[PDB]
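J.: Pasting the sequence and an experimental structure:
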Amino acid sequence: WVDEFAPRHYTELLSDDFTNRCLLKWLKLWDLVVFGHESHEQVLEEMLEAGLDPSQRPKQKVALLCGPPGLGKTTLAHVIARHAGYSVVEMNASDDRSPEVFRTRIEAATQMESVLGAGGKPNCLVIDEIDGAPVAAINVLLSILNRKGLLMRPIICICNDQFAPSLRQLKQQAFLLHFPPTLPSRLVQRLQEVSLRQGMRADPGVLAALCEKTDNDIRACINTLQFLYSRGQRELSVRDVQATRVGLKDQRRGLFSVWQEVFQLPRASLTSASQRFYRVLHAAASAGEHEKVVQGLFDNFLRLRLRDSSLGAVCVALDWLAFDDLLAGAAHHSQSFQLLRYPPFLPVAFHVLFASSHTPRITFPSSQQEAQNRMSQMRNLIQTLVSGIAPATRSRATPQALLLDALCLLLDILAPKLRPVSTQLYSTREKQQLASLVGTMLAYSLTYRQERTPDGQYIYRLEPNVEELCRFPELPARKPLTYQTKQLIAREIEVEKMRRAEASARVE
Amino acid sequence: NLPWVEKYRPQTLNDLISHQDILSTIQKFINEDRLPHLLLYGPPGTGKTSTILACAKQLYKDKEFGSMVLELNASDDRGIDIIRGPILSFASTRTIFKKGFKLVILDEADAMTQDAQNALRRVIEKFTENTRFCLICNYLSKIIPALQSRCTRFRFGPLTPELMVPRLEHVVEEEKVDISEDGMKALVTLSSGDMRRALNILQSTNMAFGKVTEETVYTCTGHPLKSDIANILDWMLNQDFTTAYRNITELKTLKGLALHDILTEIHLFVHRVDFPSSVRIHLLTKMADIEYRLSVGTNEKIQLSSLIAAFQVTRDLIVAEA
Amino acid sequence: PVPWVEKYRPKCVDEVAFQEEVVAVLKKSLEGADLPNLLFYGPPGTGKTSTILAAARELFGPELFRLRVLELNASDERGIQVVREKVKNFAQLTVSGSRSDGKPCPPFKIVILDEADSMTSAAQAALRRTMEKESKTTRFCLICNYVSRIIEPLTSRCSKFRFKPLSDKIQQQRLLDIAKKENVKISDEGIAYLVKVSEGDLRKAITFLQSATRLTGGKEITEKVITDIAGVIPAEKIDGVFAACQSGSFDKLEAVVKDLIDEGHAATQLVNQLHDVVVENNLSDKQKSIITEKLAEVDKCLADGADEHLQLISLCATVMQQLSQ
Amino acid sequence: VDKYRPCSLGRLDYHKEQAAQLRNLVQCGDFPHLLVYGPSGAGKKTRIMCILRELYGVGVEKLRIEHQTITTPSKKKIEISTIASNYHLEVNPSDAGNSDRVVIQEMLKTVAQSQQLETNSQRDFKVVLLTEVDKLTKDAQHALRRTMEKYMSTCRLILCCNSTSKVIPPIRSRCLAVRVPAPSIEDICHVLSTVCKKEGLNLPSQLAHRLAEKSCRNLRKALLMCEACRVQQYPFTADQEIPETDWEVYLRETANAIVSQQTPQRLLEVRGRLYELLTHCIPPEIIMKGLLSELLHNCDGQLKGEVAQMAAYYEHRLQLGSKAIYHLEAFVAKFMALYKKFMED
Amino acid sequence: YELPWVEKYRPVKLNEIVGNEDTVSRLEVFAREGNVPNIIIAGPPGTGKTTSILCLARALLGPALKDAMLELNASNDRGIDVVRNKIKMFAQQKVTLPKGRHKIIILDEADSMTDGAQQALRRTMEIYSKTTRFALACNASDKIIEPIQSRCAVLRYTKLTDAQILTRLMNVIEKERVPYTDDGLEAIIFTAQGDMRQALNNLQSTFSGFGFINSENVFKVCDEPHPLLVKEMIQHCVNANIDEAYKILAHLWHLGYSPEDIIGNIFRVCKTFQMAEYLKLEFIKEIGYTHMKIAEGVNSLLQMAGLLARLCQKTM
Ligand SMILES: Nc1ncnc2c1ncn2[C@@H]1O[C@H](COP(=O)(O)OP(=O)(O)OP(O)(O)=S)[C@@H](O)[C@H]1O
Ligand SMILES: Nc1ncnc2c1ncn2[C@@H]1O[C@H](COP(=O)(O)OP(=O)(O)OP(O)(O)=S)[C@@H](O)[C@H]1O
Ligand SMILES: Nc1ncnc2c1ncn2[C@@H]1O[C@H](COP(=O)(O)OP(=O)(O)OP(O)(O)=S)[C@@H](O)[C@H]1O
Ligand SMILES: Nc1ncnc2c1ncn2[C@@H]1O[C@H](COP(=O)(O)OP(=O)(O)O)[C@@H](O)[C@H]1O
Ligand SMILES: [Mg+2]
Ligand SMILES: [Mg+2]
Ligand SMILES: [Mg+2]
C-alpha cells in the first residue's frame, strides 16, 4: 500500500514532462527571493518569464492543481518540492474548520522566516482539498496573498473541482494546472522503473493492460502491485491481470449480471415463470443501487431485439417507468418511506416483457448521465449568456423566451452575406449594416473567438458558444460565414469596444 | 362542572373493556416483573392512555407517580432535540425510590420521523433494565420496523357496539337523561366504536337540548341524514340532469352538506342498493376518482356534475338492462 | 388602505340585517356570560365573520378588540406547529375582565378560525386536543363553508348557526346603497350582471365593484369592465365553441381553441362556463354525462398542472364526438 | 424589438381600452396586487413596463443586476440574479427548485420591513415583480399568499404569468386579474408595417400576413422574423423564404420520422431526437404541443381526435413525474402503435 | 432480568452468519490474511451489518480487543467535533499488536454525516492506514462519496432470504426446545417480513406470551390484517368479483384498521400470490397507484373500494 514503491526523486514522477517542467520552473523562480540567488504552452512560458514583481516575486503565488481526486498530484508536488531544495510541510483544509485555527495552521505555522535546525533545508507549503474549505478560509488565504509582511514561501494548492464559486476570486492571480497525468507511456515507464527499484519482474504489456484497466490510477496500481507481491507471484502475465479483469468497475460486474438476469433467459423444473420471477426480483433487490439499474433498463430495452412489431410491450414498459418515476416523486414529497417496496418490481416486469433466448449487447447507461450533464452545461451557458446581457435588455425577456423564440433568429440576424473587402471600401448602407451588426454584438455581448483545432488550422467560433444552443445536427446544413469575414467582424468588434471605452472615459 | 370523560375515566384493569386478552397479558407480565417496552397502537379514543395510566397507578403509588413517570405528548415537538434532551436524561438516571424501572409515556409516537425513531431505537436499546418505554400511536406503519422489532406492540382495536352499550347504559343510569332506542343507535353508529366521542356527543346532547334521540344527535352533530342521502340518490337515479343538479345544489346550499360527506354516505349507500356487478364497478371507480379529484382541490360543482353523470350513465344502463 | 369588504362590515350587531334571529341569540349568549359553544357556517359573502366581529365589538368594545380577539386563517396556517404555538401564546396571556369604562366584561378571549373546513381530520384532532387544553381561559369560534366537513369532536363543543344565502333583491339593494354612498355611477343592469358573475357572494361583488371603480376612474361602469374584471368568457365564444363542435372538423376546433388561448382566456373559466352551459341546455342524458365527466377530468388535470391547450383540444374533441355523432 | 418598445401607455399600438383601464387604475390611489396573464409574447412585459412608467417618474428605465445570497434550511448560500431598481424589484423565484418559498419570504421581508429611503419621490409602497409564477409549487404559493397577507402596506405585487390554471385560487382571488391577449393578425401586420416604415423599409402586405400567420400570433417572434428577413435579403418580395427557428423545423422532422416508420429502431432514433430536444433545454410542454400540431397536420380519418386526447393524457403524466423522457416516449410509442393499427386496417 | 433474544443469541463467529455467502467468505479470508483494508458495509437495516464486523474484529484482535477496537454508533452525538476528537485520539494511541493486526474503528450509520465529515474522514483513513483500519457500516452506499469508496473496499449485504431465516429460526427453536408447527413457522415468516431481529423478537414475544407455536398465536400478539382474508380479497378481485371482495374489505375495515395497514398487507400478499405474471404486474401497479393516493392524504374507505373495483376491472 505504497510502502517502498513511493516516489522520492524527479525520475519517479508519473506526469507529463511539460507540466512537471513548468511546475519546477515556477518552484525555482522563487530562488531570487527565498535563496537570494541572482497555444497555451507559449502563454504559460511567456507569463513565467516576462515581467516580475519589484521584490523579485512572480505575478502568481499560488498554483491550483485542479483535476480528479486521484492521479497522484500530491505525491508529484511532494517529490518536486523535495527536488527543488525545499521540505514539504503538508496541511489539510478538511479537518480545519474554524478560521482561528486555520490562521494558526497557515499564518502561525509556515511562510515566515522559519529557519529551522537544518539551515540547508527550507520549507514549502502544500495544501490539499482547497475546494471543500469554507469561504472564510479561502478569503483569509486571499487576504494573505494580497498582503503587501510579504509572502515569500510558495503555496501549492491541490484542487478537485475548479468551477467552485469560492475559487472565482482566486484563479485570476493563480497558476492553473488541469493537466491529465493519464499518459501510459510515462505511467508504464515509471512503473518499470519502480519495478526495477525492488525486483518485481513485470512485462510492459501487462502493466499497460493494468494502466488501461483501472482508469490510469497510479496509487491504486501501486496498492494492487503490493497486493500481488504479498500473494507471492514473482512473475506477471496476462492471467495475473485477469484476477479482476475490469478496473473501471465500481462493483459493476454484478450489475452486468442483473441486467443479464433481466434480459438473458436462463438456458436449460426450473422453467417455471414463478422461479424466474422470484430470481430476478431477488437479484434486483440484491443489486443494491436502483437508479443505475433503471437507467440501464431504459437505455437497453430498445437496442435489444424486440419481437413486438405492434409495440405491445414498449408501451407497458414506458408505463412502468412512469410508474416508478411517480413512486419516487411521491415518496420524496410525502416523506413516507413505505412506498419504496414497489420500485424493485420494475426489473421483473422487464423480465416478463423482454424474456428472450438471445443475448444482445448490454451497455452501461450513458444517455441519462450525459443528458443531465448536457442540460447542466446548457443551463450554465444560458446563465453566463444572460449575465453578459446588459440590464436594459435583460429584463425585457425571460431566458425561455430568448431560448425558444429569439436565439436561432439572433444567429440568423448576426450571420449575413458579405464579401472580402476592406473597411474603407464599404458603401454607406454597408457601413450602416456593419454598425447595426456591431451594435447587436455590443448589446448582446458576444465576440468571435479564435480556436486552434487539433488539425492545426485556425477556426472561429462564438464567445459564449450560442450556436451550441441554437442549432441541431440533423437539419440540412446552412452556409456559414467565411474565415476572413470573421476576422473583419472581430476587428470591428474590438475597435468598437475601444471606441466605447473612449466614450465612457469622455463621459466620466 | 367537568366533562364526563374526565369524570368517569377508568382507574382499574377491570374498568377497561374489550381489551381483556391485552389486559390479562399486561397483568401477567406486571405480576412477574417482566414488562417490556410497550407500543399501544390503534384508533383514537379506544383506551390507550387510560390503560397505561391504570398500569402505572398499579405499579406506583400516588406519591411516586410524578417522579418515576415522564409524560410527553403533542405539546412537545418530536424531532431530534427531544431524543437527545429530556427523555434520554430521564431514562439514563437512577432513582432514590424503590428498585424498579422508570416509565416514559410518549403520546402520538407515529409523528416521529425515521431519524427520530432511529435515535429513540438507540435510547431504547441502550437502557432497558431501568427504563420501560411506552409509545402509543395511531398508525403502526408510520414507524420504522426496527422500532417495531425492539418494543412489544399491542393493537387497541375499536369497541363493538354489543360490548359498548353496557357502559352507555351505566352512564345513562348514573346521569338521568332521556334515552330512546334510536338515540342509542345514533350514538353507537356516529361514535364509530370509540368511547371518547360517544361520551362527548352524549354530554353535548344533554347540555344542548336535554333529551337524547336520533334527530337531536343529528342536529347537534351535523351528520348527513339517511333520508337526505336517500333523496340525493333518488334525484341522481330517477330525475333529469338539470333537475337533479339544481335539486342537489339547493340541498347543498341549504343543509350545509359538502361533496366529500355526500361521497362517503353515497358510497355506504350503494353497497346496499343491489346493482349488477359491472355498474357497481363503474360507480366505485368513478366515485373514487371524484374523491381524489376533490382531494387535489378543484371546483366543486363540476365534481358534483360528474357524480350525477356517473349515476345517469348508471340509470341508463339499469333501465336498458330491465 | 380602503378595504371595502372590511370597511362596509357592520360594527354593530343591530346593523346586521336579515339575520336578526342569530343576532338575538348572540346577544342572549353575550348577556348570559356563559358561552362555551359557538360556530358560524354558510356560503361566502354571508357576513358570518362580520357578525361575530360585530358581537365581539358590542361585547369587548374597541379597547379589548385588539386585546382579546385573535383571528387566524386556517387555510393559510394548515401546519400543525403554527396553530399550536400561536393559540397557546395568545391563551397563556392572563388578562382580567376589568374594563376602564366600567362595563362588565366576562373573562374570556375570543378566537376566530377562518376557513376551518380546509383542515384535515388529524389537524382538527390536534386542534380539538388544544381546545381541551385551553377550554377555560379562552373561547373559540370556527368559521367554515360547510358544517359537514368539520369533524365530530369540534361539533360537540360548539353550537351551529346556519346562514341562508342572501336573496338577489337585497344584494342589488346593498350594491346600489354602496354605489350611492361612494358616488359610483352604475346602472341597474350593471348591478344585476355584477351579482350574476359573483354567484351568491357579496365579498366578490364588493371587490369587483371596487375594482370597477378603480379601472373606470369616474366613468360609468359598463358590462365590459364587469365581464373582464371577473375574467368571464363572453357567451359568443362559448356559442362559437359549441358551433364548431356541433358541425365541423378538427381544423375548426383547433382554430377556436387557438383563438381562446391567444385571447388569454383561462381554461378554468372555460371549463366552469362550459359546465354551466352544458348542464342546463337540451342535450341527452348520456351526452351531458360524458361531457361533464370530461370537464371534471380536465379541471383535475389543470389543477395538477397539465398544459391547458392540450386539455382544451381533448375537451373539444370529446364535445365534438358527443355532438357531431 | 428592444429599441422601439413604447415607453408609456399612450404610445401603444394595440389593446387601447386595456391601456385606458390601466392608466385609470394608476390615475387613482390604492393600486392593488396585479395578476397579469395571457399567452407568451402578447405584450405582458410591455404593459407592465408602461404601468411602472406611469406609476413613477422617468427613472424607472434605470435597471441594475444584483446577486443576492439566500440560505436554505440546509446551510447553503445560493445566488439569485435579481433585476432591481430604485422604484421596484423584479425577481424570478422559479430558479430555486425547492427554495422558492425561502427567497419569496426573505425578499418580501427585506423589501417590506426595510422602509423606503426617500418617501417623497416614490409612494408608500414599492413593487415586487414576480416572473413566471405558474411553475411554483403549491406550498410556495401558500407562502406567497402568507407574505402577501402580512405585508400589504408597503409591498404590493405584480405577478406576470401565463396559463393561470397552475396558480391556486386563494392567491388569484386576492389579485386584480389583467389579461393581455395576443394581438390579431391585422394588428401584427400593422405594427410590422410601422416598424418597417420608421426605418425605411418596403415590406408588402402579403409577406407581413405570412409572417403573422407563421409566427402563431407571437409578436416578438414576428418582429425578429422580420429583422432576420431584412438581413437575409433586403428587397422584400411577396414570395420570401421566411427564416424558421431551428427547433421548430427539427420538431417537424421529428414528426416526419415518427410517421415514416412504426418500428422500435425508429423509436430509438426518435428517442435520440427527443433527448437532443430535451438537452437543448426547451420545455416538454412545447415539445408535446409542436409534436401534436405536426402530427395532426399529417393525420386523417378522425384519428386525430383520439391522438389529441392521448397527448393531453401524457402531458398530465409529465406533470406528475420528474423524468419527462419516459412520458414523451410513452406518448410516441402509443401513437406509433395506434398508427400501425390504423394503417394496417 | 432475562436478556431479549435479539442480543442473547447474536452469533460470535463468522461461521454462524447465514446472511451472505461471498462476503462472509471474504471476511473469513480477511480474518486469516491479516491485511484487512478499510471497508464499507452496505445493505438494508437489520441484516447484520454490525454483528459481522464485530465478529471479524473479535477474531482478529482477540485478547487485545478492549484496547484496540472502537465502535462509534449514531447513539452518541453525530457532530463534526466528536469525529474530529475521538477518532483521531483513538487512532493516535499505541497498542502492542502482532504483524498482521490493526486497530479497528467501526462507524455504524456513516450515511448521516455531512460532506465535511467524510472529506475529513478521507484524510483520517489515508494517514493512519498502517495503525488502524476503518469499517463504515452504511445503510446506503450511494450516499458515500466516490473518493471515500475509491480508497476502500466495498462489501454488500442483501436482505435475509426466507430459507436463511428458516434455518436460523429452526436453530433457535432447537436450541430453546420450542414446540412448533409449520403453520406457525409460516406465520412468523409472514410477520417477520424478511428482518432477522424482527423475526427473533416476534418469536420470543409469542413464546413469552403463549408458549406453543401455532399460526393463531402469532397474530394475537402482532394483529396484522390476516393473510387468509387478504388473500381471499385478492382472489375475489382476480376472479371477477367486487361484492364479496368489498364484504371482506368492510370486515377488515370495521376492525378499525388504517388504509395503510390494509394496503401494505395487500401488497405483501400480492407479492407471493399465484396467478399470471402480467396480471401480477398490473395488480402491483394499481396497488402502488392506490398507495400513492393514500400516502398523498386520501385515506377513505372509498379509495380502497375504488382499488378493489380497478383490480376487478383489470381482469375483464
Ligand atoms: N375501554 C374503555 N372503557 C371505558 N371507557 C373508556 C374505554 N376506553 C376509553 N374510554 C373513555 O374514553 C376516554 C378516552 O380514553 P383515552 O385512552 O384517554 O384516549 P386514547 O385511547 O389514548 O386515544 P387518544 O389519546 O385520543 S390518541 C377515557 O377517558 C374514557 O372516558
Ligand atoms: N346581514 C348582513 N347585514 C349587512 N351587511 C351584511 C350582512 N351579511 C353580509 N354583509 C356584508 O357582506 C360583507 C362580506 O362579509 P364577510 O364576513 O367577508 O362574508 P363571509 O361570510 O365572511 O365570507 P368569507 O369571509 O369569504 S368566508 C360584509 O362586509 C357586509 O358589508
Ligand atoms: N446473518 C445473520 N445471522 C445471524 N444473526 C443475524 C444475522 N443478521 C442479523 N442477525 C441478528 O440481527 C441483529 C443484527 O442487528 P444489527 O447488525 O445491529 O443491525 P444492522 O444490520 O447492523 O444495521 P445498523 O447497524 O442499525 S445500520 C442481531 O440480533 C443479530 O443476531
Ligand atoms: N405597442 C407595441 N409597439 C411595438 N412593439 C410592441 C408593442 N407591444 C408589444 N410589442 C412587442 O411585442 C413583444 C412582446 O414581448 P413581451 O412583452 O416580453 O411579451 P411576453 O411578456 O408575453 O413575453 C416585445 O418584443 C415588444 O417589442
Ligand atoms: Mg393520549
Ligand atoms: Mg371568511
Ligand atoms: Mg447494527
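T.: That came through, no problem. Residues are numbered from 1 along each chain as shown, chains lettered A, B, ... in the order given. Ligands and ions are numbered 1, 2, ... in the order given.

J.: can you pull the contacts of residue 23?
T.: Picked chain A for this. A:63, A:76-77, A:80, A:177 (CB atoms under 8 Å, 6 or more residues apart in numbering or on different chains). Backbone N, C-alpha and C define where each C-beta goes, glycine included.

J.: hmm, I had chain B in mind actually
T.: By CB under 8 Å, 6+ apart, residue B:23 lies in contact with B:13, B:16, B:51.

J.: burial measure for residue 13, as a count.
T.: If you meant another chain, say so; for now it's chain A. By other CB atoms under 10 Å in any protein chain shown, the residues close to residue A:13 number 22.

J.: Oops, wrong one, chain E.
T.: 12.

J.: Against residue E:173, how distant is it?
T.: 21 Å (CB to CB, to the nearest Å).

J.: all strands for the stretch 101-250 of chain C, in order.
T.: With strands called from DSSP state E, counting those that start in this stretch, the stretch 101-250 of chain C shows them at C:109-114, C:138-144.

J.: Quick check: which of those is buried the most?
T.: strand C:138-144 (a mean of 23; mean count of other CB atoms under 10 Å in any protein chain shown).

J.: What residues of the helix ranked longest in chain A count as buried?
T.: Longest helix of chain A, by residue count under DSSP state H: helix A:483-507. Within helix A:483-507, the residues that qualify as buried are A:485-486, A:488-490, A:492-493, A:496, counting by 16 or more other CB atoms under 10 Å in any protein chain shown.

J.: How about the contacts made by the closest residue to chain D within the stretch 1-150 of chain C?
T.: Proximity of the stretch 1-150 of chain C to chain D (CB to the nearest CB) peaks at residue C:76, 5.4 Å away. Residues near residue C:76 by CB under 8 Å, 6+ apart: D:142, D:145-146, D:149.

J.: at 7 Å instead, please
T.: Residue C:76 makes contact with D:145-146, D:149 under the criterion CB atoms under 7 Å, 6 or more residues apart in numbering or on different chains.

J.: Dump those residues into JSON lines; add distance to chain A, secondary structure and neighbour count as well.
T.: What follows is these, written out as JSON lines (distance: CB to the nearest CB, whole Å; DSSP: H, G, I helix; E, B strand; the rest coil; neighbours: other CB atoms under 10 Å in any protein chain shown):
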{"residue": "D:145", "distance to chain A": "20", "secondary structure": "helix", "neighbour count": "19"}
{"residue": "D:146", "distance to chain A": "20", "secondary structure": "helix", "neighbour count": "19"}
{"residue": "D:149", "distance to chain A": "25", "secondary structure": "helix", "neighbour count": "12"}
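
J.: Compute the number of surrounding residues for residue D:60.
T.: By other CB under 10 Å, 20 other residues sit near residue D:60.

J.: out of the contacts of residue C:76, who's nearest ligand 5?
T.: Nearest to ligand 5 out of those is residue D:146 (CB to the ion; 31.1 Å).

J.: Setting the sequence-adjacent residues aside, check what's closest to that closest one.
T.: residue C:76 (5.4 Å; CB to CB, 6 or more residues apart in numbering or on different chains).

J.: Which of the three states applies to the one you found?
T.: coil (DSSP: H, G, I helix; E, B strand; the rest coil).

J.: Find the nearest non-adjacent residue to the residue nearest the centre of chain E, please.
T.: Residue closest to the mean C-alpha point of chain E, counted by CA atoms, centre = their mean, is residue E:46 at 3.3 Å. The shortest distance from residue E:46 to any non-neighbouring residue, by CB to CB, 6+ apart, is to residue E:195 (4.4 Å).
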